[PDB]
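So the sequence shown is numbered by the authors' numbering: it starts at 1 and just counts up by one. Heads up, the beta-carbon is just placed ideally off N, CA and C, and yes, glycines get one too. What follows is a single structure, written as structure tokens, with notes after it.
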Amino acid sequence: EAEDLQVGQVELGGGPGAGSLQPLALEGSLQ
């Protein structure tokens with residue numbers, strides 16, 4: 001699968017349909 005390819009907490013590389021909200025992403029480059 002490709003969902004193990006990003007899982008939205010390692011690379012994701014998105015925004016809305018990524019790993020949830022930026023602040024709510026516990027990531028985003030540290031906002």
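The ligand PLP heavy atoms versus the CB of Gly14: any closer than 8 Å?
With respect to the ligand PLP, the structure shown offers nothing to examine, as it has no ligands at all.
When you compare only the Cα positions, how much space is there between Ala18 and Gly28?
Translated into positions along the sequence shown, residue 18 becomes position 18. Translated into positions along the sequence shown, residue 28 becomes position 28. When rounded, the distance between both Cα atoms is 11 Å.
Cα separation between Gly13 and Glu1?
Working through the sequence shown from its first residue, we reach residue 13 at position 13. Working through the sequence shown from its first residue, we reach residue 1 at position 1. Their Cα atoms are separated by approximately 17 Å.
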